[PDB]
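Student: Mind folding the following:
(4 chains, ligands or ions: 4)
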Amino acid sequence: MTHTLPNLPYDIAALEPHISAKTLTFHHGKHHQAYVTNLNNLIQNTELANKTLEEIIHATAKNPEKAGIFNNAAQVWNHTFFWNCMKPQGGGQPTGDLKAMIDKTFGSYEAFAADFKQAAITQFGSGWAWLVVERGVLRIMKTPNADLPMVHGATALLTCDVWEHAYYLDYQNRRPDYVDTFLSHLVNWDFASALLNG
Amino acid sequence: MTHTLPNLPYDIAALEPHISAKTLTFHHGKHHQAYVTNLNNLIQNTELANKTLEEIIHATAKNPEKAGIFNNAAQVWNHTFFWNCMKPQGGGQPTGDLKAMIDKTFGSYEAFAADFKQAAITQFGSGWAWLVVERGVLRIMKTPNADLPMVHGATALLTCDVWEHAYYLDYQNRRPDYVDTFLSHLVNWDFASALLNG
Amino acid sequence: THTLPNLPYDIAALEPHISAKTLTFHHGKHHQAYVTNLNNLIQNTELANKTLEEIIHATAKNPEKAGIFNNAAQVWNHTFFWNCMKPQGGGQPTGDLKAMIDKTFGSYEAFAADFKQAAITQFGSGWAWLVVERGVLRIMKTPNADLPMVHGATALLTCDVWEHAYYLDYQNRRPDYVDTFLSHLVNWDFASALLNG
Amino acid sequence: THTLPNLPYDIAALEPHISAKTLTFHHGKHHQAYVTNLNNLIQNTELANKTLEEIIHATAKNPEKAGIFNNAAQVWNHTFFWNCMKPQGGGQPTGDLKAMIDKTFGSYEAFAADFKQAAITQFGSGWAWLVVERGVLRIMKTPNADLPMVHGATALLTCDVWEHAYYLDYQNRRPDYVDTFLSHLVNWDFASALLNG
Ligand SMILES: [Fe+3]
Ligand SMILES: [Fe+3]
Ligand SMILES: [Fe+3]
Ligand SMILES: [Fe+3]
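Tutor: Residues are numbered from 1 along each chain as shown, chains lettered A, B, ... in the order given. Ligands and ions are numbered 1, 2, ... in the order given. Pasting the structure now:
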């Protein structure tokens, strides 16, 4: 157990009712934990046992034979990132640098929000919707399964988990309502704005 | 419109307590319905409007720009196939032709069930676990997302939906328990046996 | 599907300013290769049914399709480039374009100084442009295959500053090449037509 | 402050694979220009007292001081490139480096194909590298002045694929140039020392 499950940055009930404590209990305590334990078991006694998580993600991103390692390693990263993407009483619009860059790039926050929700809702199957910056330009991305921006040469600013386990207890099939609530009440814009200046 | 949602072959509560009436209500009445409505809207005013569902699947399986149409068309097919793969008082073992072919190929039913379970459990993200016949040989197949045996040249005999919406309300993360319940109490072996002789 | 357009003049008609040897490789190899690359990348795709300009607009947003964008835009850029030049070019525009340059830069010499600055400060491969964007003349420079239309601007004039455009004749002396482009090759009638197009 | 280092051999020592004419322009004009540009850009700045490598790392975290990064990285890249070649080079590596290439790529030939592919699929100006990061070998391609050290990797070998590197001798035929680099010029002794550096 050289990799460990990080604490949630808030109480399991902090996102109620938008994301339920039951969801967070299974999502963090079961899914996120299993990705960690799988990763630990898959790299034991291998050359990857002495690498960081980010090093493992990049080292196994190409080799389809190592897809089991990439899939668990990237999911550990993605879920830690996702918990920090949210906060109780979040949502709204960002300010300052990120707000201005979004207006410069998309024309408005509403334009950004519509593009983000479309990527989130058109990602078929399991995956992730992202706001990224790449060579200094903001882009929306959607990725399948465990894929994530860093292996495409982009820096993630924000993500929304659209694996069905992230919303099914609370929203069932209503993924659009889930993403709309994410945008309206949960997104931590201070987080994305700090990462933009990183 | 062009394509219709077929009735379940049993009451929404007929698989209780193994699959809840709640799950079947969302799984059939929302997810399966949505794939039908999407398909109908996507092929309207196109050459695909005049073809059978199977023809649409093969016509869109090759070209990535038509993946939206493929994804919904194949999901209509997969779910319809899946409902018929189950029945109240299912489970047990197959008889006759299919039992003998499983014993010749896997050595035993228990070996087949171990291999079907592991494919279902190691399918990362959304997808399907299949028993197929291919080039005269019985094989286990796992497919991601909407993918399915026929566009690979195999004949499907049985499937288990391992999209998270298939089990999350009743089993949450415990996909192995759900698959174990599928084999133990739900699988309709009469269906797979007839298809083997189709 | 897509074809290389002929040069609008003799392969040797820009000598000594741009050599026939340069044009042979620039038109017959580089521009040809972008056309053949584009055809192979769009075959059996919905892009096969679109125009060059529609391909450029359909792929500018999706980095996954940068190979198609780069070949499509380079086809467009080079065709534009051949038509920006002519034997016995150079001099200055007259009429509408001259007056807009004089009102915007103050002077033709001011425009040529700014155009040449953008051309020589483009690091690596790219293009220097005179564009009109919401009714205003601007100098633009673009890296690699980038071009004005995906930035909401209308190209009036371009000079290729990929090294293959000048290395056989000028080697490292990109500033001399651009000065020779403005002095002897630019076709101001083309740019003036585009301003009213 | 910074100066242009000697070529490690006579300008004709790589004939007929790379012409003396190419080396005179590539080393005496391009490499020299990166050095003179760097000196002029850092004068009276905080960066004037730092080493080339210190300047590269400090400015790499930035798009706003990009003339300094681009010229400093190009100074570094070219010095490294000249030492990646030798007269009567080519062949294959032996010992430590050969073993790692076999374990990593399966064979030298797989390595050379992957290296070739990176060199030819780099669109525009750029570089193809063999790098090592955390004991793992891989191939890298970078655009313009970008280089492995700012990505956390150690360069072992590079091939310049800016068009000035080959256009006088190969024109558009980058694949043949890279083939010739691998076949006749690569200095494997250099890369094997760096693996253990
Ligand atoms: Fe998740
Ligand atoms: Fe389903
Ligand atoms: Fe060109
Ligand atoms: Fe160079």
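
Student: got the CA positions of the helix or strand residue A:141 falls within in PDB?
Tutor: Using DSSP states H and E, residue A:141 sits within strand A:137-144. The C-alpha trace of strand A:137-144 is given here as PDB (Å, rounded to 0.1, in the frame of the first residue of the first chain):
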ATOM      1  CA  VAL A 137      -5.900  28.200 -25.200                       C
ATOM      2  CA  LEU A 138      -8.900  27.000 -23.300                       C
ATOM      3  CA  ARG A 139     -10.700  23.900 -24.700                       C
ATOM      4  CA  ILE A 140     -13.500  21.600 -23.700                       C
ATOM      5  CA  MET A 141     -12.600  17.900 -23.800                       C
ATOM      6  CA  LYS A 142     -14.500  14.700 -23.300                       C
ATOM      7  CA  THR A 143     -12.600  11.500 -22.600                       C
ATOM      8  CA  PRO A 144     -13.700   7.900 -22.400                       C
END
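
Student: got the residue ranges for the helices in chain A?
Tutor: With DSSP state H as the criterion, chain A has helices at A:21-26, A:33-43, A:53-60, A:67-85, A:96-106, A:109-122, A:168-171, A:175-181, A:189-196.

Student: close to chain C, is the fifth one?
Tutor: Just to be clear, that refers to helix A:96-106. No. Contact of helix A:96-106 with chain C (CB under 8 Å from any CB of the partner chain) is absent, the minimum separation being 11.4 Å. Quick note: C-beta positions are derived from backbone N, CA and C, even for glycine.

Student: Now do that helix against helix A:109-122: the angle between them, please.
Tutor: Between helix A:96-106 and helix A:109-122, the angle formed by their directions is 70 degrees, by axes from the mean of the first three to the mean of the last three CA atoms, to 10 degrees.

Student: ok, which residues in chain A are in contact with chain D?
Tutor: For chain A, the residues in contact with chain D (CB under 8 Å from any CB) are A:47, A:51, A:55, A:59, A:136.

Student: Quick check, the residue in chain A closest to chain D?
Tutor: Residue nearest to chain D within chain A (CB to the nearest CB): residue A:136, separated by 5.6 Å.

Student: Quick check, that residue in contact with residue D:62.
Tutor: No. With contacts counted by CB atoms under 8 Å, residue A:136 stays clear of residue D:62, the gap being 10.4 Å.

Student: Look at the closest residue to ligand 3 within chain A and say how many residues are nearby.
Tutor: Using CB to the ion, the closest approach of chain A to ligand 3 is made by residue A:135 at 22.4 Å. Neighbourhood size, residue A:135 [other CB atoms under 10 Å in any protein chain shown]: 11.

Student: got the phi/psi numbers for it?
Tutor: Here is the backbone geometry of residue A:135 (degrees, to the nearest 10): phi 50, psi 40.

Student: and the gap between it and ligand 2?
Tutor: Distance of residue A:135 to ligand 2, computed by CB to the ion, to the nearest Å: 39 Å.

Student: ok, of the residues of chain A next to chain D, which one's closest to ligand 2?
Tutor: Nearest to ligand 2 among the residues of chain A next to chain D: residue A:59, at 34.3 Å, using CB to the ion.

Student: What residues does the closest residue in space to residue A:182 that isn't next to it in sequence make contact with?
Tutor: In this structure, residue A:182 finds its nearest non-sequential neighbour in residue A:160, 5.1 Å apart by CB to CB, 6 or more residues apart in numbering or on different chains. Neighbour list for residue A:160: A:82, A:85, A:116, A:120, A:128, A:129, A:179, A:182 [criterion: CB atoms under 8 Å, 6 or more residues apart in numbering or on different chains].

Student: Report how many residues lie close to the closest residue to residue A:89 other than its chain neighbours.
Tutor: Counting by CB to CB, 6+ apart, residue A:185 is the residue found nearest to residue A:89 once chain neighbours are left out, at 7.5 Å. Number of residues near residue A:185 (other CB under 10 Å) recorded here: 18.

Student: Give me the distance between residue A:185 and chain B.
Tutor: Distance, residue A:185 to chain B, by CB to the nearest CB, to the nearest Å: 22 Å.

Student: looking at it, that residue is touching residue A:19, isn't it?
Tutor: No. If you go by CB under 8 Å, residue A:185 and residue A:19 don't touch, sitting 9.4 Å apart.

Student: hmm, back to that, quick check: angle from the strand holding residue A:141 to helix A:96-106?
Tutor: 80 degrees.

Student: Show me what strand A:137-144 is packed up against.
Tutor: Strand A:137-144 sits against helix A:96-106, helix A:109-122, strand A:127-134, with contacts defined as 3 or more CB pairs under 8 Å, 6 or more residues apart in numbering or on different chains; DSSP states H and E.

Student: close to ligand 1, is it?
Tutor: No. On the criterion CB under 5 Å from the ion, strand A:137-144 is out of touch with ligand 1, staying 12.6 Å away.

Student: now that strand, how far from the centre of its chain.
Tutor: Centroid displacement of strand A:137-144 relative to its chain, using CA atoms, centre = their mean, to the nearest Å, is 12 Å.

Student: So what does the residue lying farthest from the centre of chain A have for phi and psi?
Tutor: No residue in chain A sits farther from the centre than residue A:45, which is 29.2 Å out by CA atoms, centre = their mean. Note on residue A:45: its backbone torsions stand at phi 60, psi 20 [degrees, to the nearest 10].

Student: what sits against the closest residue to residue A:119 other than its chain neighbours?
Tutor: The shortest distance from residue A:119 to any non-neighbouring residue, by CB to CB, 6+ apart, is to residue A:142 (4.1 Å). By CB under 8 Å, 6+ apart, the residues touching residue A:142 are A:119, A:120, A:122, A:123, A:127, A:128, A:129, A:130.

Student: now do 6 Å
Tutor: Contacts for residue A:142 (CB atoms under 6 Å, 6 or more residues apart in numbering or on different chains) come out as A:119, A:123, A:129.

Student: out of the residues you listed, who's nearest ligand 4?
Tutor: Using CB to the ion, the contacts of residue A:142 come closest to ligand 4 at residue A:119, 39.8 Å.

Student: returning to what we had before: buried only: go through the residues of chain A next to chain D for me.
Tutor: Among these, those buried by neighbour count (16 or more other CB atoms under 10 Å in any protein chain shown) are A:51, A:55, A:59.

Student: Any idea how many residues pack against the residue nearest to residue A:133 when sequence neighbours are not counted?
Tutor: Of all residues not flanking residue A:133 in the chain, residue A:155 sits nearest, at 5.1 Å (CB to CB, 6+ apart). Using other CB under 10 Å, residue A:155 has 15 other residues around it.
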